[PDB]
Each structure stands twice: as C-alpha cells, then as structure tokens.
C-alpha cells in the first residue's frame, strides 16, 4: 500500500520515473493546469520547493485537462506556456512535470486511484457536471486543478488539501508534520 508500485513519464517523454526513486523523501503530488484561476500557485510552489528541498520535499506536477479544459496544450507546449503566457514573465518550474493525463474517470492514472482513495475527499461539493470532463463521477474524485496530496518517506499517503487552500498554509502544515515527526522520534528514544 505505497506509491512505490507506480511511476510516470516525464513531460519531455524521455524518462519513466518509478516513484521508488523518491524513497526517503516527502512527496507532494499536485495536478496542474496552465489556464486555471489558480495557475499563479506555480510561483508559490517553486518557493515551497526551494525552501523545503533540504528537508526532503519533492514536488511532482501532473498536468490534467479534465477541469474546465484548462490544460489544452500538447506536452511540448506546457513549459513554453508557463514561461511566456501564464504565469509568464520567464517562469520555469523548479520541480518535475510529467506527461498530461487523467486524474479522474475510467482512464485515470493508477497512482491517482491509490492517492484519491487513501484520504477523504476535500469537499462535500463535486460541483456542476458541465465543468467536469470525465466519467463516471465518484465521491473521492479530485475536485479541481491544484488539489494536493502529501506522501511520506515510507511511501504512504499522509494528507490531502483542497485546491484553494493557500500554498503558505500547505507549507505550514508540511513543516508542522515534519516537526512533529522529529519531536516524536526524540521522545520515543527518551521513553
């Protein structure tokens, strides 16, 4: 029951990465889009990655066109869009992006089947179905672009955030969890 059963192809199509490569690391899975209202979170995700990389955080981005069709581009067009359009201004992610694919429905990526079903969903509301480009609909489906899952260094899911939760709050929660683990380790030895 770990993420190490799975892997994904990098966005340039050149390398399949088994998630076992992230053994010993905290992994933050984020489904992404280039034309979302939350696409500015890319800037904050870069900052989070740079700040917490020393403590074992790895961010992985999964482009998905299932939420308002907000990732229309081919895989080769995604990095250019981020750099020159939105966020634009020369932006380049400092974390790994993978090929575009489904996160919900019959053709969803299997590691997302695992992740989605490991934690309760992020809201009671699925939303209006016209905006949700998949079938069938299920209680634990990802609700929108930029939903987030934290997986621990043992490959086991820890927690899941609503897409609109700020990246600062996500950071604060990761740090708190890492501190609790450190403290709980020290305390177990004294005991």
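Numbering follows the first chain given and starts at 1.
**Q** Which is higher on mean Cα B factor in this entry, 178-186 or 9-17?
**A** Stretch with the greater average CA B-factor: 178-186.
**Q** Tell me which stretch has the larger mean Cα B-factor in this entry, 124-132 or 139-147.
**A** Stretch with the greater average CA B-factor: 124-132.
**Q** When the modelled residues of the chain are sorted by Cα temperature factor, does residue 46 land in the lowest, middle or highest third?
**A** It belongs to the lowest third of the chain when residues are ordered by C-alpha B-factor.
**Q** Lowest, middle or highest third: where is residue 59 by C-alpha B factor in its chain?
**A** Answer is middle: the recorded C-alpha B-factor places it there.
**Q** Taking the values exactly as deposited, rank residue 66 by C-alpha B-factor within its chain and report the matching third: lowest, middle or highest.
**A** According to the entry, residue 66 has a C-alpha B-factor in the chain's lowest third.
**Q** Report the third (lowest, middle or highest) to which the CA temperature factor of residue 95 belongs, ranking only the modelled residues of the same chain.
**A** Middle third by C-alpha B-factor.
**Q** For residue 84, return the chain-relative third of its C-alpha B-factor as stated in the PDB record: lowest, middle or highest.
**A** Its C-alpha B-factor, which the entry lists for residue 84, ranks in the highest third among residues of this chain.
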